[PDB]
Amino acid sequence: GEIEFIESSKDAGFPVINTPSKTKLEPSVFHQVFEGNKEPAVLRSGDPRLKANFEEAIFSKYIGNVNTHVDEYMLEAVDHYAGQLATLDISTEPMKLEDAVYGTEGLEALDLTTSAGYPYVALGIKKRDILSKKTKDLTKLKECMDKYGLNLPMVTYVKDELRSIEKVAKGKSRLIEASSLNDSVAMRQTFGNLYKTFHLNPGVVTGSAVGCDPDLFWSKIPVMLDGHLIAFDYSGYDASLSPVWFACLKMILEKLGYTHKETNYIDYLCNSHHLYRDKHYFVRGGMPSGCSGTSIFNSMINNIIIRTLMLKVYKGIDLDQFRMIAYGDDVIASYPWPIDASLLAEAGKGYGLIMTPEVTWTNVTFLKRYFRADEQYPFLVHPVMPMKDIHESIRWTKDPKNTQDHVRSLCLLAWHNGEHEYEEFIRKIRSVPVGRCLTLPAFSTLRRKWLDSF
């Protein structure tokens, strides 16, 4: 992706988008009890922690585009992945508006807490002024969609999150795009059934882990990926994507039965108009992370990409014995023969991608978690989030009113590191008075509930 044009919003008649001064992240009561290095991402240009220019840094992920046709390797990659997806009988019929907005099996209700986007943010209109969980009303939504239409600009926000010392100093904060509510809804109607099928079928047929529950899914992964492991992620995957990969996505969607007109929303993702505070800009290429479906679409494109690279480097590869699962840019995969991931990575460079790869079940990670087979039940596999990362999270909060849920959710991650680690974690939590006010689950209880969940 590449920013093709940027100028002051006022010159186009767009108002300034008022986004936040300060981080919502503050040190928690556990800040001194546990150790960590991460701090809130830089949100503004004058952050005294910066050792770089902020606006340049946040837009530096748009590294450019490789201008190329859909080549023979892409075409074969698309055909092979489309054949897998055909198995799932994905309906290209539009999803019912009430289902696409307020919830159906496999597609959670539209998040009412996030930005409604443009023009609503300029008018003070929030998602809750249009939608109602209690009443499931659609009449106000239909009015706003009729009034403002589709293909509206996106609103760029800086993601308020913990980051490493280096990413704070370099100002490499992440950016999230808010689609207009009108566009989010229309895409959920157009692609809702695809979304549902992916959410209900994580694994090596979708090649997707979006929406998975690591507590359950981790034990299935080594059954699915039974060859020599291949794994990597990327540097700046979303913004690196060139338009040819979106062309590949449209071809795969058409093979699934979507009409050319129904794939038009992929053009909306690829060639996009953004408002960022007092500026507006156009981008060619790049997945606009945060719009409807970007994790699933990122994952589907990654399935095309890896097949492309394998076909191009290993002419004579048999993709029917290749297996892969992607969550956006994050890939875990296997093939019955050893594969040099560095050759794939260098081939990917030729397509404008920055890929970063004996990968074993001991050292492989997926979704920032390790895999450890249970000592007693060898066919069950623990997702292992490093205690380091659990410690980083517990030291901060965006709202101490949620301390109980926050620490509870961390306990659900932590116990997979084993009983000694877990008791130490619980011990340190209880060394603060708040910690003795929390309902903390017992290790035996977590282990028992986990075993029983299978």
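The term rigid core refers to the most C-alpha atoms you can superpose between the two forms while keeping them within 1.5 Å. The numbering used is simple: start at 1 and walk along the sequence shown.
After a core fit, the C-alpha atoms in 6 other deposited structures of this protein lie farther on average from the shown form in one of 228 to 236 and 91 to 99, namely 228 to 236. Unmodelled deposited residues between residue 357 and residue 358: 4 to 9, per the record.
Taking only CA atoms, the mean B-factor in the PDB entry is higher for 336 to 344 than for the other of 336 to 344 and 293 to 301. For the two regions 186 to 194 and 236 to 244, the entry's Cα B-factors average higher over 186 to 194. Note on 43, 390, 412, 50: the highest value goes to 50, judged by CA B factor as recorded. Based on the entry's C-alpha B-factors, the most elevated value among 159, 172, 312, 136 belongs to 136. The entry lists a Cα temperature factor for residue 92 that places it in the highest third of the chain's modelled residues. Among all modelled residues in its chain, residue 20 ranks in the highest third by Cα B-factor. The entry lists a Cα temperature factor for residue 400 that places it in the highest third of the chain's modelled residues. Among all modelled residues in its chain, residue 3 ranks in the lowest third by Cα B-factor. The deposited CA B-factor of residue 39 belongs to the lowest third of values across its chain.
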